[PDB]
Amino acid sequence: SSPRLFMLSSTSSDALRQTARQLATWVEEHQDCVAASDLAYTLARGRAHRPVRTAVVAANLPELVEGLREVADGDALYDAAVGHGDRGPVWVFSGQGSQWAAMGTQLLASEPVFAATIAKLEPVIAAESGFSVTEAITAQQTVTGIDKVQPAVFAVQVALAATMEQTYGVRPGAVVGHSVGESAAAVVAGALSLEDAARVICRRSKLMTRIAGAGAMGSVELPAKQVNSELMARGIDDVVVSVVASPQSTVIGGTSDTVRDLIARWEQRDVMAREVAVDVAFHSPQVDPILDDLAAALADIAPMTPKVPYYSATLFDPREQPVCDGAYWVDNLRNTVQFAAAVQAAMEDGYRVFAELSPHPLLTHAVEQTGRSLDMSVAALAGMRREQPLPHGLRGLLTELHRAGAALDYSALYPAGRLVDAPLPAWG
């Protein structure tokens, strides 16, 4: 008598409501004869999912009739799936800045695979960085200090991915990382072992404590070519383009005073500009002092050939396969994050469903902007949000991935049951 996920789909919002009404009448008439588990199994594994999808959560059949009649009697607009169930989702791993107080507490309790992944990482992060990652992600106050934030966010990122694959049967179609997000992207793509990637993130963030407070970063709603023309024109040498987020968005990095002055100036011209909370100006010459030490610390990291398509934001061709050695991690920290090019390559290759596996979404609008420039209908989802209750763990993200059209293994969530005589809607 536990709550179950009942999938419902059709060809339009009106047809989906007619389908909901038809199913509610059937469930109402046969509730004494049908097991909720069999009906959920039948709707997920015995039905071809149509473009306009939804799902009703219910613990009993009369609760499902109420949920279905709520859908049927409503006037909601149901967006159609953008993926065709042929490719898995593209996991997007953002950099730092997404952290929030006790971000890992609900998932440690509700998702056993999240807890088992944090358990694997716990001794590695303790040996490398000298702290408990479990205390960090469950503390009443947000994790602070670059040496604590980077391993804590990486741990949430990889534990989210492992949960999605092991518990929900969502194998990624591809991965895309943004700045330090590439550490989790490399584990998930099989370019690094979980332990080696933790060593990479721990060693890089310890060295970065030496350059804490060296600069600032800022977002601007201008294309990078335009931003660079403005910096050269103004004779600015202490600030550079650090991230190329989208065709219409750029992140600059450099000295604190000049970055703040550039944001204030863009605001005064009615150009949307924001300071990004970061003490270190990453992907700029501010990180130069640390790079020789980083290369030496990562000399014994053993890279592997990625098993999943990996779209690099470090390399000058995103389609190129990374050799995730110490040189790669030095270039990842110093080079401009070509995130827009990586997302563009994945979209050109046919990927339409993107899901950000991070404590809070930092790149969902960047993904949408790239899609819009390509005239593509894409979905940019968020794995979790700051202070969002997750009572049924990541089951909601599984629902949003299904609604969007991502390819997944329905046998992970609906392993067994009997196919029932539920209605089959003819044209649509």
# chains A, B, ... in the order shown; residues from 1 in each chain; ligands from 1
$ residues_around --residues "residue 127 of chain A" --least-positions-apart "5" --cutoff "10 Å" --atoms "only C-alpha atoms" --output "ChimeraX atom specification"
/A:122,132,199,202
$ select_by_dssp --residues "segment 91-192 of chain A" --states "strand (DSSP E or B)" --output "JSON, numbers by chain"
{"A": [91, 92, 93, 174, 175, 176, 177]}
$ write_last_selection --atoms "N, CA, C and O atoms" --output "JSON list (two decimals), in the first residue's frame"
[["chain", "number", "residue", "atom", "x", "y", "z"],
["A", 91, "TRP", "N", 23.88, 14.32, -18.72],
["A", 91, "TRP", "CA", 24.06, 14.84, -17.36],
["A", 91, "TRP", "C", 24.95, 16.07, -17.48],
["A", 91, "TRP", "O", 25.98, 16.03, -18.13],
["A", 92, "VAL", "N", 24.54, 17.16, -16.86],
["A", 92, "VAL", "CA", 25.29, 18.41, -16.84],
["A", 92, "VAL", "C", 25.81, 18.60, -15.42],
["A", 92, "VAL", "O", 25.05, 18.60, -14.45],
["A", 93, "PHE", "N", 27.12, 18.69, -15.27],
["A", 93, "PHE", "CA", 27.76, 18.86, -13.97],
["A", 93, "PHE", "C", 28.33, 20.26, -13.91],
["A", 93, "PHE", "O", 29.29, 20.52, -14.63],
["A", 174, "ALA", "N", 25.10, 10.93, -22.58],
["A", 174, "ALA", "CA", 26.33, 11.70, -22.65],
["A", 174, "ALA", "C", 26.52, 12.48, -21.33],
["A", 174, "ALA", "O", 25.58, 12.60, -20.52],
["A", 175, "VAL", "N", 27.73, 13.01, -21.09],
["A", 175, "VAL", "CA", 27.99, 13.91, -19.96],
["A", 175, "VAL", "C", 28.61, 15.21, -20.50],
["A", 175, "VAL", "O", 29.28, 15.19, -21.53],
["A", 176, "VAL", "N", 28.36, 16.34, -19.82],
["A", 176, "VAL", "CA", 28.96, 17.65, -20.09],
["A", 176, "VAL", "C", 29.33, 18.24, -18.73],
["A", 176, "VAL", "O", 28.46, 18.36, -17.88],
["A", 177, "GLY", "N", 30.58, 18.63, -18.53],
["A", 177, "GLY", "CA", 30.99, 19.29, -17.31],
["A", 177, "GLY", "C", 31.33, 20.75, -17.55],
["A", 177, "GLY", "O", 31.70, 21.13, -18.66]]
$ residues_around --residues "segment 371-381 of chain A" --least-positions-apart "6" --cutoff "7 Å" --atoms "only C-alpha atoms" --output "list in words"
residues 82, 352, 353, 354, 355, 356, 364 and 404 of chain A
$ atom_distance --atom1 "atom CA of residue 19 of chain A" --atom2 "atom CA of residue 414 of chain A"
21.5 Å
$ closest_residue --among "A:337, A:284, A:70, A:313" --to "residue 237 of chain A" --atoms "only C-alpha atoms"
A:284
$ residues_around --residues "residue 396 of chain A" --least-positions-apart "6" --cutoff "12 Å" --atoms "only C-alpha atoms" --output "mmCIF file with N, CA, C and O atoms, in the first residue's frame"
data_model
loop_
_atom_site.group_PDB
_atom_site.id
_atom_site.type_symbol
_atom_site.label_atom_id
_atom_site.label_comp_id
_atom_site.auth_asym_id
_atom_site.auth_seq_id
_atom_site.Cartn_x
_atom_site.Cartn_y
_atom_site.Cartn_z
ATOM 1 N N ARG A 4 2.706 4.768 -5.598
ATOM 2 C CA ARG A 4 3.220 4.344 -6.888
ATOM 3 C C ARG A 4 3.052 5.402 -7.945
ATOM 4 O O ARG A 4 2.185 6.267 -7.845
ATOM 5 N N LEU A 5 3.862 5.283 -8.988
ATOM 6 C CA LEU A 5 3.859 6.206 -10.098
ATOM 7 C C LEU A 5 3.090 5.622 -11.301
ATOM 8 O O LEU A 5 3.491 4.593 -11.861
ATOM 9 N N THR A 54 2.389 12.618 -18.618
ATOM 10 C CA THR A 54 2.161 12.993 -17.225
ATOM 11 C C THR A 54 2.197 11.700 -16.377
ATOM 12 O O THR A 54 2.292 10.594 -16.914
ATOM 13 N N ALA A 55 2.144 11.837 -15.056
ATOM 14 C CA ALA A 55 2.133 10.710 -14.151
ATOM 15 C C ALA A 55 1.342 11.106 -12.927
ATOM 16 O O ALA A 55 1.399 12.263 -12.508
ATOM 17 N N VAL A 56 0.587 10.171 -12.376
ATOM 18 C CA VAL A 56 -0.192 10.424 -11.186
ATOM 19 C C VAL A 56 0.396 9.548 -10.076
ATOM 20 O O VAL A 56 0.613 8.355 -10.286
ATOM 21 N N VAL A 57 0.697 10.139 -8.916
ATOM 22 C CA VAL A 57 1.185 9.358 -7.782
ATOM 23 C C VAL A 57 -0.026 8.982 -6.919
ATOM 24 O O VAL A 57 -0.915 9.811 -6.721
ATOM 25 N N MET A 164 20.678 7.702 -9.875
ATOM 26 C CA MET A 164 19.884 7.706 -11.083
ATOM 27 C C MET A 164 20.095 6.493 -11.921
ATOM 28 O O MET A 164 19.125 5.985 -12.466
ATOM 29 N N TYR A 168 17.123 4.152 -10.503
ATOM 30 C CA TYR A 168 16.097 4.519 -11.476
ATOM 31 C C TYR A 168 16.357 4.054 -12.924
ATOM 32 O O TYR A 168 15.537 4.319 -13.814
ATOM 33 N N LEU A 381 16.604 20.188 -17.341
ATOM 34 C CA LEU A 381 16.089 19.856 -16.014
ATOM 35 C C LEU A 381 17.096 20.092 -14.901
ATOM 36 O O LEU A 381 18.291 20.160 -15.156
ATOM 37 N N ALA A 382 16.613 20.191 -13.669
ATOM 38 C CA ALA A 382 17.443 20.341 -12.490
ATOM 39 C C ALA A 382 17.286 19.081 -11.620
ATOM 40 O O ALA A 382 16.165 18.727 -11.295
ATOM 41 N N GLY A 383 18.380 18.423 -11.257
ATOM 42 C CA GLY A 383 18.347 17.241 -10.395
ATOM 43 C C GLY A 383 17.843 17.535 -8.990
ATOM 44 O O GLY A 383 17.105 16.738 -8.400
ATOM 45 N N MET A 384 18.223 18.690 -8.441
ATOM 46 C CA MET A 384 17.722 19.157 -7.154
ATOM 47 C C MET A 384 17.851 20.642 -7.056
ATOM 48 O O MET A 384 18.562 21.261 -7.852
ATOM 49 N N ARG A 385 17.087 21.233 -6.138
ATOM 50 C CA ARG A 385 17.050 22.672 -5.902
ATOM 51 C C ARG A 385 17.262 22.944 -4.450
ATOM 52 O O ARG A 385 16.926 22.132 -3.601
ATOM 53 N N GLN A 388 14.607 22.259 -1.470
ATOM 54 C CA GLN A 388 13.499 21.505 -2.009
ATOM 55 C C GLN A 388 13.282 20.224 -1.243
ATOM 56 O O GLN A 388 14.172 19.390 -1.221
ATOM 57 N N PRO A 389 12.083 19.983 -0.688
ATOM 58 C CA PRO A 389 11.826 18.692 -0.029
ATOM 59 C C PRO A 389 11.873 17.560 -1.053
ATOM 60 O O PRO A 389 11.349 17.689 -2.164
ATOM 61 N N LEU A 390 12.537 16.458 -0.676
ATOM 62 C CA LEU A 390 12.711 15.248 -1.484
ATOM 63 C C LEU A 390 12.208 14.057 -0.675
ATOM 64 O O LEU A 390 12.992 13.234 -0.197
ATOM 65 N N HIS A 402 11.196 11.216 -17.781
ATOM 66 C CA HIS A 402 10.253 10.438 -18.559
ATOM 67 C C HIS A 402 9.373 11.387 -19.367
ATOM 68 O O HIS A 402 9.230 11.171 -20.570
ATOM 69 N N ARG A 403 8.809 12.446 -18.720
ATOM 70 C CA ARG A 403 7.945 13.408 -19.398
ATOM 71 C C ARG A 403 8.635 14.075 -20.558
ATOM 72 O O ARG A 403 7.972 14.392 -21.539
#
$ residues_around --residues "residue 327 of chain A" --least-positions-apart "6" --cutoff "10 Å" --atoms "only C-alpha atoms" --output "ChimeraX atom specification"
/A:291-292,294-296,298-299
$ select_by_dssp --residues "segment 134-378 of chain A" --states "alpha helix (DSSP H)" --output "PyMOL selection string"
chain A and resi 134-138+146-166+182-189+194-207+224-233+256-268+291-297+326-334+339-348+364-373
$ write_last_selection --atoms "C-alpha atoms" --output "short mmCIF file (atom, residue, chain, number, x, y, z; two decimals), in the first residue's frame"
data_model
loop_
_atom_site.label_atom_id
_atom_site.label_comp_id
_atom_site.auth_asym_id
_atom_site.auth_seq_id
_atom_site.Cartn_x
_atom_site.Cartn_y
_atom_site.Cartn_z
CA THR A 134 28.99 13.51 5.61
CA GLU A 135 29.28 16.19 8.39
CA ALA A 136 29.72 18.88 5.66
CA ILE A 137 26.60 17.95 3.60
CA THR A 138 24.39 17.50 6.73
CA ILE A 146 37.15 26.12 -1.28
CA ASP A 147 38.89 23.01 0.19
CA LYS A 148 35.49 21.86 1.64
CA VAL A 149 33.02 23.20 -0.96
CA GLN A 150 34.57 21.51 -4.04
CA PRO A 151 34.77 17.95 -2.56
CA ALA A 152 31.24 18.37 -0.96
CA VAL A 153 29.59 19.48 -4.23
CA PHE A 154 31.47 16.75 -6.19
CA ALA A 155 30.21 14.12 -3.67
CA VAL A 156 26.58 15.30 -4.13
CA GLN A 157 27.04 15.30 -7.96
CA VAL A 158 28.41 11.73 -8.18
CA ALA A 159 25.97 10.32 -5.57
CA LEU A 160 23.05 11.84 -7.64
CA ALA A 161 24.38 10.14 -10.82
CA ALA A 162 24.92 6.76 -9.13
CA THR A 163 21.36 6.94 -7.67
CA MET A 164 19.88 7.71 -11.08
CA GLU A 165 21.59 4.80 -12.76
CA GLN A 166 21.43 2.14 -10.03
CA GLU A 182 34.22 18.08 -15.12
CA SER A 183 35.63 16.08 -12.14
CA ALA A 184 32.15 14.39 -11.59
CA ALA A 185 31.63 14.25 -15.40
CA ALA A 186 34.90 12.18 -15.68
CA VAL A 187 33.73 9.68 -12.96
CA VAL A 188 30.30 9.28 -14.53
CA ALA A 189 31.82 8.86 -18.03
CA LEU A 194 35.50 7.62 -8.17
CA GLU A 195 38.62 7.58 -5.91
CA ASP A 196 40.97 9.19 -8.49
CA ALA A 197 38.40 11.91 -9.23
CA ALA A 198 38.09 12.58 -5.48
CA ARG A 199 41.90 12.83 -5.31
CA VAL A 200 41.76 15.36 -8.26
CA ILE A 201 39.04 17.52 -6.60
CA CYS A 202 40.70 17.33 -3.11
CA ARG A 203 44.20 18.18 -4.29
CA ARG A 204 43.05 21.03 -6.60
CA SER A 205 40.90 22.65 -3.86
CA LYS A 206 43.68 22.39 -1.24
CA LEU A 207 46.08 24.21 -3.60
CA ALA A 224 31.94 36.42 -25.63
CA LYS A 225 33.16 37.91 -28.94
CA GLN A 226 31.49 41.21 -27.94
CA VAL A 227 32.80 41.06 -24.35
CA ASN A 228 36.38 40.48 -25.59
CA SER A 229 36.10 43.47 -27.99
CA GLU A 230 35.04 45.64 -25.04
CA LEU A 231 37.99 44.45 -22.83
CA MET A 232 40.61 45.02 -25.63
CA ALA A 233 38.98 48.39 -26.51
CA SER A 256 38.10 42.14 -7.91
CA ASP A 257 38.02 45.90 -8.55
CA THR A 258 37.97 45.77 -12.38
CA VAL A 259 35.38 42.92 -12.50
CA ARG A 260 33.09 44.92 -10.14
CA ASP A 261 33.59 48.06 -12.22
CA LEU A 262 32.72 46.19 -15.46
CA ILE A 263 29.50 44.81 -13.91
CA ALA A 264 28.49 48.26 -12.61
CA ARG A 265 29.16 49.74 -16.11
CA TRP A 266 27.12 47.01 -17.91
CA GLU A 267 24.22 47.57 -15.44
CA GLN A 268 24.32 51.29 -16.28
CA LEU A 291 49.36 25.16 -11.82
CA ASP A 292 52.91 23.66 -11.51
CA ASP A 293 52.05 22.28 -8.02
CA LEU A 294 48.73 20.87 -9.35
CA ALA A 295 50.46 19.05 -12.23
CA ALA A 296 52.87 17.46 -9.69
CA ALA A 297 50.02 16.47 -7.29
CA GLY A 326 47.07 15.96 -14.55
CA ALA A 327 47.63 18.13 -17.68
CA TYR A 328 43.88 17.95 -18.40
CA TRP A 329 43.00 19.16 -14.91
CA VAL A 330 45.53 22.02 -15.15
CA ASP A 331 44.01 23.08 -18.55
CA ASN A 332 40.50 22.63 -17.12
CA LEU A 333 41.27 25.16 -14.35
CA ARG A 334 43.17 27.64 -16.53
CA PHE A 339 30.39 25.13 -22.18
CA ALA A 340 28.30 26.60 -25.03
CA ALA A 341 30.35 24.75 -27.66
CA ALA A 342 30.09 21.44 -25.71
CA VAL A 343 26.27 21.78 -25.30
CA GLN A 344 25.98 22.84 -28.97
CA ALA A 345 27.95 19.76 -30.08
CA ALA A 346 25.69 17.44 -27.97
CA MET A 347 22.55 19.09 -29.41
CA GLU A 348 23.93 18.90 -32.99
CA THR A 364 19.74 25.41 -17.01
CA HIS A 365 19.14 28.81 -18.74
CA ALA A 366 22.55 28.53 -20.48
CA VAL A 367 21.40 25.13 -21.99
CA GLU A 368 18.02 26.63 -23.05
CA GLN A 369 19.74 29.64 -24.73
CA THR A 370 21.94 27.27 -26.81
CA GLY A 371 18.84 25.23 -27.80
CA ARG A 372 16.93 28.38 -28.84
CA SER A 373 19.88 29.56 -31.00
#
$ residues_around --residues "segment 31-40 of chain A" --least-positions-apart "6" --cutoff "6 Å" --atoms "only C-alpha atoms" --output "VMD selection string"
chain A and resid 6 417 to 418
$ write_last_selection --atoms "N, CA and C atoms" --output "PDB file, in the first residue's frame"
ATOM      1  N   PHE A   6       1.966   6.270 -11.687  1.00  0.00           N
ATOM      2  CA  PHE A   6       1.164   5.772 -12.796  1.00  0.00           C
ATOM      3  C   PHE A   6       1.332   6.630 -14.029  1.00  0.00           C
ATOM      4  N   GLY A 417       5.258  -7.798 -12.514  1.00  0.00           N
ATOM      5  CA  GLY A 417       3.819  -7.655 -12.515  1.00  0.00           C
ATOM      6  C   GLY A 417       3.196  -8.330 -13.717  1.00  0.00           C
ATOM      7  N   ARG A 418       1.872  -8.284 -13.767  1.00  0.00           N
ATOM      8  CA  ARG A 418       1.105  -8.872 -14.852  1.00  0.00           C
ATOM      9  C   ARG A 418       0.515  -7.742 -15.726  1.00  0.00           C
TER      10      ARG A 418
END
$ atom_distance --atom1 "atom CA of residue 101 of chain A" --atom2 "atom CA of residue 216 of chain A"
23.2 Å
$ closest_residue --among "A:105, A:99, A:10, A:25" --to "residue 47 of chain A" --atoms "only C-alpha atoms"
A:10
$ closest_residue --among "A:251, A:43, A:394, A:75" --to "residue 221 of chain A" --atoms "only C-alpha atoms"
A:251
$ residues_around --residues "residue 9 of chain A" --least-positions-apart "5" --cutoff "8 Å" --atoms "only C-alpha atoms" --output "VMD selection string"
chain A and resid 16 19 49 to 54
$ atom_distance --atom1 "atom CA of residue 111 of chain A" --atom2 "atom CA of residue 387 of chain A"
16.7 Å
$ closest_residue --among "A:285, A:309, A:303, A:145" --to "residue 173 of chain A" --atoms "only C-alpha atoms"
A:309
$ closest_residue --among "A:423, A:350, A:253, A:393" --to "residue 115 of chain A" --atoms "only C-alpha atoms"
A:393
$ decode --residues "segment 281-307 of chain A" --atoms "N, CA, C and O atoms" --output "compact mmCIF listing (two decimals), in the first residue's frame"
# COMPACT_ATOMS: atom_id res chain seq x y z
N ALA A 281 39.36 33.92 -9.01
CA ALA A 281 38.94 34.09 -10.39
C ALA A 281 39.51 32.92 -11.23
O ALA A 281 40.63 33.01 -11.74
N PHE A 282 38.76 31.82 -11.31
CA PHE A 282 39.04 30.59 -12.05
C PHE A 282 39.11 30.87 -13.54
O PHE A 282 38.49 31.83 -14.00
N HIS A 283 39.77 30.00 -14.33
CA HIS A 283 39.82 30.12 -15.79
C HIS A 283 40.35 31.45 -16.27
O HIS A 283 39.93 31.95 -17.32
N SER A 284 41.31 32.00 -15.51
CA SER A 284 42.00 33.26 -15.79
C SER A 284 43.46 33.13 -15.28
O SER A 284 43.78 32.17 -14.58
N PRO A 285 44.36 34.09 -15.59
CA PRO A 285 45.72 34.03 -15.05
C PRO A 285 45.82 34.12 -13.52
O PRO A 285 46.90 33.92 -13.00
N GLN A 286 44.71 34.37 -12.79
CA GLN A 286 44.74 34.39 -11.32
C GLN A 286 45.14 33.00 -10.75
O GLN A 286 45.70 32.91 -9.66
N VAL A 287 44.87 31.91 -11.50
CA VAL A 287 45.19 30.54 -11.09
C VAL A 287 46.61 30.09 -11.49
O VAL A 287 47.01 28.99 -11.13
N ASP A 288 47.35 30.92 -12.25
CA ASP A 288 48.69 30.57 -12.72
C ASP A 288 49.65 30.09 -11.61
O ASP A 288 50.32 29.06 -11.82
N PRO A 289 49.74 30.77 -10.43
CA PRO A 289 50.73 30.33 -9.42
C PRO A 289 50.66 28.85 -8.98
O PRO A 289 51.69 28.21 -8.79
N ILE A 290 49.45 28.32 -8.88
CA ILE A 290 49.09 26.95 -8.43
C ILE A 290 49.31 25.84 -9.46
O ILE A 290 49.31 24.68 -9.07
N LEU A 291 49.37 26.16 -10.75
CA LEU A 291 49.36 25.16 -11.82
C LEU A 291 50.55 24.17 -11.86
O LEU A 291 50.33 23.01 -12.22
N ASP A 292 51.78 24.60 -11.51
CA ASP A 292 52.91 23.66 -11.51
C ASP A 292 52.74 22.63 -10.38
O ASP A 292 52.97 21.43 -10.58
N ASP A 293 52.29 23.10 -9.20
CA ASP A 293 52.05 22.28 -8.02
C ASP A 293 50.90 21.27 -8.27
O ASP A 293 50.96 20.12 -7.81
N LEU A 294 49.88 21.70 -9.00
CA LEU A 294 48.73 20.87 -9.35
C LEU A 294 49.16 19.74 -10.26
O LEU A 294 48.81 18.60 -10.01
N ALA A 295 49.96 20.04 -11.28
CA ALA A 295 50.46 19.05 -12.23
C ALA A 295 51.24 17.94 -11.52
O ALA A 295 51.07 16.76 -11.85
N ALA A 296 52.05 18.34 -10.51
CA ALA A 296 52.87 17.46 -9.69
C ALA A 296 52.00 16.61 -8.77
O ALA A 296 52.27 15.42 -8.64
N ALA A 297 50.95 17.19 -8.16
CA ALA A 297 50.02 16.47 -7.29
C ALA A 297 49.22 15.42 -8.03
O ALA A 297 48.82 14.41 -7.44
N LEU A 298 48.93 15.66 -9.32
CA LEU A 298 48.13 14.76 -10.15
C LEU A 298 48.94 13.87 -11.10
O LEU A 298 48.37 13.23 -11.98
N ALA A 299 50.27 13.80 -10.89
CA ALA A 299 51.18 13.01 -11.69
C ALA A 299 50.84 11.50 -11.70
O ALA A 299 51.18 10.82 -12.68
N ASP A 300 50.22 10.97 -10.61
CA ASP A 300 49.94 9.53 -10.57
C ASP A 300 48.42 9.19 -10.71
O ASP A 300 48.00 8.06 -10.47
N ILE A 301 47.63 10.15 -11.21
CA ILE A 301 46.22 9.94 -11.51
C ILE A 301 46.17 9.11 -12.80
O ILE A 301 46.84 9.46 -13.76
N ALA A 302 45.45 7.99 -12.81
CA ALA A 302 45.37 7.10 -13.98
C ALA A 302 44.10 7.30 -14.82
O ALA A 302 43.04 6.73 -14.50
N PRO A 303 44.19 8.07 -15.92
CA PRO A 303 43.00 8.27 -16.76
C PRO A 303 42.65 7.02 -17.56
O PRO A 303 43.48 6.12 -17.76
N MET A 304 41.41 6.95 -18.01
CA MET A 304 40.87 5.85 -18.77
C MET A 304 40.04 6.36 -19.93
O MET A 304 39.57 7.50 -19.90
N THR A 305 39.81 5.52 -20.94
CA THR A 305 39.01 5.92 -22.08
C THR A 305 37.55 5.99 -21.67
O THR A 305 37.01 5.02 -21.13
N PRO A 306 36.91 7.16 -21.85
CA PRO A 306 35.50 7.29 -21.47
C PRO A 306 34.59 6.26 -22.16
O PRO A 306 34.71 5.99 -23.35
N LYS A 307 33.69 5.67 -21.38
CA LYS A 307 32.70 4.71 -21.87
C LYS A 307 31.41 5.39 -22.36
O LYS A 307 30.61 4.76 -23.05
